[PDB]
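So this first bit is one chain, no partners, the form deposited in one PDB entry, shown in structure tokens.
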């Protein structure tokens, strides 16, 4: 039936997810649990270990690091979007608006793969920067990353897979309720198909878990505000720091947005 076409969509997206994003949740958890024959990542807990870590101002340096990686994330996400059947056939200005609002929602979503209670995998799973260390940074940078950690501890509880995430992400990108879209119909047309693919995915991949799908759509709505909060703290950081240069691509996104 249609059920087959939805499984077909799921695999397509997973495959383009796995191509587009080099460090999967599976790879990431394997590192974090230690259940791997790779060397455990260089832990970063203070300014000293940061400095020894650089091999493989401080708070500005870290945020500059965070920023250069955000841009690579946007590049990867934009590449993945193009693989979502029919995303490219949309109006190019819509394509831009969907990405503009989506990327930070997805960055949060996928960061959670990379983190746990105590810290976050960095530099393609080779560094492990602690939550204690990021808190300890001075305002405004102290509490920049903490909200991501708080989200991630709840989101990760849902125990989603790379296959689940691939579709979830596609669903977030194709949200027809973004400010300034010009042709909402075809966006919604695809988000319907994706949501169905998502519902089936969860039923098949997690038959033990009922209403993961419902729980998961509830998270997707938290995320929009969490992303708003985040965008506001960028507005704070841009203004109060004369020494801090925002990256262009991040401006493009930040500008006019909430």
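Think of the rigid core as the biggest set of C-alphas that the two forms share within 1.5 Å after superposition. Residue numbers count along the first chain shown, from 1.
Peer 1: Indicate whether the chain is continuous between residue 69 and residue 70 or, if not, how many deposited residues are absent from the coordinates: none, 1 to 3, 4 to 9, or 10 or more.
Peer 2: None; the chain is continuous from residue 69 to residue 70.
Peer 1: Test of understanding: from the entry's C-alpha B-factors, which stretch has the higher mean, 195-203 or 34-42?
Peer 2: Mean C-alpha B-factor is greater for 34-42.
Peer 1: Which wins on mean Cα temperature factor, 236-244 or 13-21?
Peer 2: Of 13-21 and 236-244, the stretch with the higher C-alpha B-factor average is 236-244.
Peer 1: Would you please rank residue 186 by its C-alpha temperature factor against the other modelled residues of its chain and give the third it falls in: lowest, middle or highest?
Peer 2: Middle third.
Peer 1: Taking the chain's C-alpha temperature factors as the reference, tell me which third residue 109 falls into: lowest, middle or highest.
Peer 2: It falls in the bottom third of the chain.
Peer 1: Comparing against every modelled residue in the chain, figure out the third that the C-alpha B-factor of residue 78 lands in (lowest, middle or highest).
Peer 2: Lowest third, going by the recorded CA B-factors of the chain.
Peer 1: Quick check for you: using the entry's CA B-factors within this chain, is residue 145 in the lowest, middle or highest third?
Peer 2: Its C-alpha B-factor, which the entry lists for residue 145, ranks in the highest third among residues of this chain.
Peer 1: Using only modelled residues of the chain, where does the Cα B factor of residue 90 rank: lowest third, middle third or highest third?
Peer 2: Middle third - that is where residue 90 ends up once the chain's C-alpha B-factors are sorted.
Same protein, other form: the form deposited in another entry, not shown, and the subject of what follows.
Peer 1: Superpose on the core and compare between the shown form and the other one; which one of 116, 97, 78, 123 crosses the 2 Å Cα shift mark?
Peer 2: Among the listed residues, the one whose C-alpha moves by 2 Å or more is 123.
Peer 1: Honestly, after the rigid core fit, is residue 44 moving at least 2 Å at Cα between the shown form and the other one?
Peer 2: It does shift by 2 Å or more.
Peer 1: Once the core is aligned, does residue 159 move its Cα by at least 2 Å between the shown form and the other one?
Peer 2: No, because once the rigid core is superposed, the C-alpha of residue 159 moves less than 2 Å between the shown form and the other one.
Peer 1: Classify residue 66 as shifted (yes) or not shifted (no) between the shown form and the other one, where shifted means its C-alpha moves by 2 Å or more with the rigid core superposed.
Peer 2: Yes: residue 66 shifts by at least 2 Å between the shown form and the other one.
Peer 1: Once you account for a change of 3 Å or more, let me know if residue 112 and residue 251 sit closer or farther in the other form, using their C-alpha atoms.
Peer 2: Closer, not farther.
Peer 1: Residue 84 to residue 231, Cα distance in the other form relative to here: closer or farther, by 3 Å or more?
Peer 2: The answer is farther, because the C-alphas of residue 84 and residue 231 separate from each other in the other form by 3 Å or more.
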